[PDB]
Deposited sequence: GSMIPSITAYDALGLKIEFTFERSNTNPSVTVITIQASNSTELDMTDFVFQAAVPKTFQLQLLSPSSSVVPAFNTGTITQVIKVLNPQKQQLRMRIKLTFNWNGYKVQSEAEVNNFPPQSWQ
């Protein structure tokens, strides 16, 4: 029952995070594409501050299909030994209609239930 968040929303690409806990938080990302063309060779990257550790598991695919017909999911495991408020930077890269696109964002809006 940890609230989800929108980690990223710009110009047609949205990424939601959902959370599970059993010092580790397991994040599942869901990437979706509201534009008229597929985002191909899609790669998600994440980094946490040095006082946390992250493990990124394999994504479901490398294509975010046009017009919300499907998603990419991917799991991130975050270790938080010092019990600090979660913080993360993400980087997205993909191809779209002959263009190569990259974007980076800070994710700050983690809910307290995701870490405290």
| said: List the gaps, meaning deposited-sequence segments with no CA coordinates, ordered along the sequence. | reply: 1-2, 25-28
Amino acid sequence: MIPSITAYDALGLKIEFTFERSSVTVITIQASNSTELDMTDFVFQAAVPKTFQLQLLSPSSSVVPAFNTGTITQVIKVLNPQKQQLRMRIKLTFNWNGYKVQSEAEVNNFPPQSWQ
From here on, numbers count along this sequence of modelled residues.
| message | Please compare 49-57 with 85-93 and name the stretch with the higher mean C-alpha B-factor in the deposited structure. | response | 49-57
| note | Averaging the C-alpha temperature factors as deposited, the higher value of 25-33 versus 76-84 falls on 76-84
| said: Using only modelled residues of the chain, where does the Cα B factor of residue 105 rank: lowest third, middle third or highest third? | reply: middle
| query | Which third, lowest, middle or highest, does the CA B-factor of residue 69 fall in along this chain? | reply | highest
| task | For residue 4, return the chain-relative third of its C-alpha B-factor as stated in the PDB record: lowest, middle or highest. | result | lowest
